[PDB]
Amino acid sequence: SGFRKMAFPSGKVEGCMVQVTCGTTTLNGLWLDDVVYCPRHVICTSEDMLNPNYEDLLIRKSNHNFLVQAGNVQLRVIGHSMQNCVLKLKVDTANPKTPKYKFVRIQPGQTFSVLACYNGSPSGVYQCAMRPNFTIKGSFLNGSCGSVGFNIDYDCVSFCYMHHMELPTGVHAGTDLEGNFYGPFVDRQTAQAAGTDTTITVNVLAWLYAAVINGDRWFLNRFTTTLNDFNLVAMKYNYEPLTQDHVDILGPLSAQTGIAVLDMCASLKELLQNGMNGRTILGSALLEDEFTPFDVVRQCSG
Amino acid sequence: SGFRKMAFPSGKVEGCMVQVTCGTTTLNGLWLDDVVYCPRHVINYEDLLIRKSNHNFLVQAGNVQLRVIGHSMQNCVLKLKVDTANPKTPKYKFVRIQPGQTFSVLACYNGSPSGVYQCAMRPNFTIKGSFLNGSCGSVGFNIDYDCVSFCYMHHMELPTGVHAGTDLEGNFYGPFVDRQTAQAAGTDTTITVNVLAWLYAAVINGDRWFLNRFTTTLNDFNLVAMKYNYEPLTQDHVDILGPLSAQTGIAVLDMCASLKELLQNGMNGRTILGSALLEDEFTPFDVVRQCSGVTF
Ligand SMILES: O=C(Cc1cc(Cl)cc(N2CCN(C(=O)c3ccco3)CC2)c1)Nc1cncc2ccccc12
Ligand SMILES: O=C(Cc1cc(Cl)cc(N2CCN(C(=O)c3ccco3)CC2)c1)Nc1cncc2ccccc12
Ligand SMILES: [Cl-]
């Protein structure tokens, strides 16, 4: 019993964190096999904030300009290349602690663990979700760039995010491990605004199923809804549209609890209308949207 | 910016988790040096233990079976001596924590780490954990520099879905016993010093709507705290929050006046750090560590 915002154990990623220094800038790098991955903005000077030409800045660098530190050992950079917004520093030593891993690009609503790092050293681990506006609500200070987001399945680490920047609203933007930004963001200090964020409806429904599995039913009602009427209502509270894919995805939790998806949708519509009336659901007075259907099944069933 | 429920990096503890099987029961063990610690309920415990041989305890560390060469009990923990010291043993201490203190839990099943989450020792000595059958022996810890302070070992789940366990010396937190008998968690209260720390975290992150011009006395605040099932705030708590008070410019009794108003009037549709409830599972130290980026 119980339901917590649970992160993956971070050890497999901790053994990959290194410090990358280029000039006056120091940030984190991810050392997998003989490559260190990090944000390409590590090559920017104070004059390359707004409109850096990374190809031009990179061509001027030598391998010995990149100082890479793995624990108390300086690694030797023997090559460098850029892939989209990530810099790949070839090193002369393969990381002996390289886990089984994959690079995966995630979709909005997906969750992942973040291992926040400073100076190549892990500081903490927390659970995140890719918001519908492609930002993440992380906890990051200056120096956290290059910290990564990941999931673990079996003994395989799926790296899905690399931290690049904080937007004016305190939310965070980054890329996958192929250097492609999530969202319409660029690794320039030109003014960029996150689009209006919305609630991840499918995740709220998953969390209501988690509540039912854990013994709570107070929010259930005798009603159902059509998918279209639900979306018309949900949109008025800035909830993401619920698609037939989301309904299908909720099938297993529906079968386990005996509450049809559209019946849970009617419960959600009522909660949006009434609020909680001093009650909580799984220790929260707000509807939680950073647990996916897959997270609920994993945490509640194994 | 941002403020998350953040756990310590778990790698140092992951390299200590092993599976312990005794008869039909399988649970987790903590392998430090040449000893595996686990709940004694894996087995009148003295009478049940005397009947066991070393080979009855099957200990698996990854894909390797360890050899048990001795067994002894310390309070509610069983100590299985093994023939091999754990090469991954970190620098560690066993520490007993107090209610209100937080720690990270590395939830494990079959000796394999499944997740990590941060929680607090409730004033009623339970933890609002997230555990399924097979999670016994999972541990709670804090990290200071490179030293792991192990403070909790999971033993059981109470009827309300909350959890009970011991320190690593086998002493239960709370008035619980390791017997398959209905036991109830006492009425819980809110960890006041932690709520104040989290309000300071909100101020540091730009959430100031709940601030007010008022201050209060420690005694008047505690009278209001008692009324709302909040733990008493001591002068030690006030002193502990001193750094956050100096950083934000909000004296602890000034934050207490903000807290009193929140308790008597509610949030009025507003939130603080993304919560519509007052969060009490961040200590003043947690706030300073997170809002300053300390590493391990
Ligand atoms: O965010 C950067 C550095 C950084 C990298 C890159 Cl690739 C881009 C940019 N920009 C992003 C977009 N932009 C704006 O939209 C803006 C701010 C004010 C008005 O407009 C300007 C800066 C900033 N670092 C840091 C990463 N994470 C947490 C930090 C918490 C404190 C301080 C820094 C942190
Ligand atoms: O709680 C035990 C096993 C266990 C160990 C020991 Cl030392 C004692 C006891 N009991 C004494 C405490 N008690 C109650 O007060 C209670 C619950 C329901 C009715 O009464 C439960 C029986 C149970 N395991 C598990 C650990 N964590 C999560 C689990 C989630 C599902 C199932 C089991 C889990
Ligand atoms: Cl995805």
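Protein chains get the first letters and strands the later ones, always in sequence-line order, with residue 1 at the start of each.
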### Query
Any donor-acceptor pair under 3.5 Å linking the side chain of A/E288 with the backbone of A/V204?
no
### Message
Can a donor-acceptor pair be found, under 3.5 Å and without considering hydrogens, that links the side chain of B/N44 to the backbone of B/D47?
### Response
yes
### Task
Return the minimal non-hydrogen interatomic distance between B/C16 and B/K12, and the atom names on each side.
SG-O, 3.5 Å
### Task
Using the six-membered ring of A/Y182, assess whether NZ or CZ of A/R105 lies under 6.0 Å from its centre and within 45 degrees of the ring axis.
yes
## Note on the structure
For B/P99 and B/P123, the nearest pair of non-hydrogen atoms, with its separation, is CB-CA, 3.7 Å
### Query
What's the verdict on side-chain contact (heavy atoms from CB on, under 4.5 Å) for B/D280 and B/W198, showing C-alpha distance, side-chain angles and the deciding distance?
CA-CA 7 Å; B/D280 75 346; B/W198 170 86; over 6 Å; no
### Task
Could you tell me whether the side chain of A/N119 and the main chain of A/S121 form a donor-acceptor pair under 3.5 Å?
no
### Message
Show, in sequence, the C-alpha distance, side-chain angles and deciding distance for B/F296 and B/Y145, and conclude whether the ring pair (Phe, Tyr, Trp, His ring centres under 6.0 Å) test is met.
### Response
CA-CA 5 Å; B/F296 313 93; B/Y145 314 118; 8.1 Å; no
### Query
Does the side-chain contact (heavy atoms from CB on, under 4.5 Å) test come out yes or no for A/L208 and A/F219, once each step is laid out?
CA-CA 9 Å; A/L208 291 177; A/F219 48 88; 3.9 Å; yes
### Query
So B/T21 and B/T26, side-chain hydrogen bond (donor to acceptor under 3.5 Å, both in side chains) or not? Walk me through it.
CA-CA 4 Å; B/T21 299; B/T26 288; 2.8 Å; yes
### Task
Take B/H55 and B/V68 through the side-chain contact (heavy atoms from CB on, under 4.5 Å) test and state the conclusion after the steps.
CA-CA 7 Å; B/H55 286 255; B/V68 173; over 6 Å; no
### Any B/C38 side-chain heavy atom under 4.5 Å of B/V77 side chain
no
### Query
Between atom OG1 of B/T126 and atom CG of B/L158, what is the distance when rounded to the nearest 0.5 Å?
7.0 Å
#### Entry: Spatial distance of atom CG (A/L250) from atom CD (A/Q256) [nearest 0.5 Å]
12.5 Å
#### Entry: Residues A/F3, A/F291; criterion ring pair (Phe, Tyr, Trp, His ring centres under 6.0 Å); working and verdict
CA-CA 10 Å; A/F3 203 76; A/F291 295 98; 4.6 Å; yes
### Within 45° cone and under 6.0 Å: B/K93 NZ/CZ vs B/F150 ring
no
### Query
Between A/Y161 and A/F150, is the ring centre distance below 6.0 Å?
no
#### Entry: Main-chain N/O of B/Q19 paired to B/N28 side chain as donor or acceptor, under 3.5 Å
no
### Query
Can you find a heavy atom in the side chain of B/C22 that is under 4.5 Å from one in the side chain of B/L58?
no
## Note on the structure
Nearest heavy-atom approach of A/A211 to A/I281 is CB-CG2, 3.4 Å
### Query
Taking all non-hydrogen atoms of both residues, which atom of A/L141 and which atom of B/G293 are closest, and how far apart?
CD1-N, 3.4 Å
#### Entry: Residue pair B/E231, B/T192: steps toward the side-chain hydrogen bond (donor to acceptor under 3.5 Å, both in side chains) verdict
CA-CA 6 Å; B/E231 282 294 291; B/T192 313; over 6 Å; no
### Task
Please assess B/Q101 against B/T283 for the test side-chain hydrogen bond (donor to acceptor under 3.5 Å, both in side chains), listing each intermediate value before the final yes or no.
CA-CA 7 Å; B/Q101 297 192 307; B/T283 68; over 6 Å; no
### Query
Checking B/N56 side chain against B/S53 main chain: does a donor-acceptor pair fall under 3.5 Å?
yes
### Message
With a 4.5 Å cut-off on side-chain heavy atoms, are B/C119 and A/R4 touching?
### Response
yes
#### Entry: B/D286/B/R289 ion pair, N-O < 4.0 Å
yes
### Message
Please check: side-chain N/O of B/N142 versus main-chain N/O of B/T102, any donor-acceptor pairing under 3.5 Å?
### Response
yes
### Query
Is there side-chain contact between B/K81 and B/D34, with heavy atoms separated by less than 4.5 Å?
yes
### Query
Would you say A/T280's side chain and A/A285's backbone share a donor-acceptor pair under 3.5 angstrom?
no
### Query
Taking everything shown except B/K52 itself, do over 12 heavy atoms lie less than 6.0 Å from its NZ?
yes
### Query
How far does CE of A/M130 sit from SG of A/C160, to the nearest 0.5 angstrom?
7.0 Å
### Query
With a distance cut-off below 6.0 Å to the six-membered ring centre and an angular limit of 45° from the axis, does B/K5 pair with A/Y126 as a cation-pi contact?
no
### B/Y45 atom OH: more than 12 heavy-atom contacts under 6.0 Å
yes
### Side-chain heavy-atom pair A/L282, A/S284 within 4.5 angstrom cut-off
no
### Message
Between B/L32 and B/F94, is the side-chain contact (heavy atoms from CB on, under 4.5 Å) condition met? List the steps.
### Response
CA-CA 11 Å; B/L32 296 174; B/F94 287 169; 3.6 Å; yes
#### Entry: Side chain proximity check, B/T166 to B/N75, heavy atoms < 4.5 angstrom
no
### Query
How long is the span from the OG atom in B/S10 to the CE atom in B/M17, to the nearest 0.5 Å?
11.0 Å
### Minimum heavy-atom distance B/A185-B/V162, with the two atoms named
CB-CG2, 4.2 Å
### Message
Quick one, A/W31 and A/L75 - any side-chain contact, counting heavy atoms below 4.5 Å?
### Response
yes
### Inter-residue atom distance B/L48.CG - B/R40.CZ, 0.5 Å rounding
9.5 Å
## Note on the structure
Heavy-atom nearest pair, A/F140 first then A/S147, reads CE2-CB, 3.9 Å
### Query
Taking NZ, NE, NH1 and NH2 as the nitrogens, is one of them in A/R131 or A/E290 under 4.0 Å from a carboxylate oxygen of the other?
yes
### Message
Return the NZ to CG distance between B/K79 and B/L168, rounded to the nearest 0.5 Å.
### Response
10.5 Å
### Query
So, A/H163 side chain and A/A116 main chain: donor-acceptor pair closer than 3.5 Å or not?
no
### Query
Do A/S139 and B/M6 come within less than 4.5 Å of each other through their side chains, counting heavy atoms only?
yes
### Query
Checking side-chain hydrogen bond (donor to acceptor under 3.5 Å, both in side chains) for the pair A/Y101/A/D155: CA distance, chi angles, key distance, verdict?
CA-CA 8 Å; A/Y101 76 91; A/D155 60 339; over 6 Å; no
### Query
Would you say A/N214's side chain and A/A210's backbone share a donor-acceptor pair under 3.5 angstrom?
yes
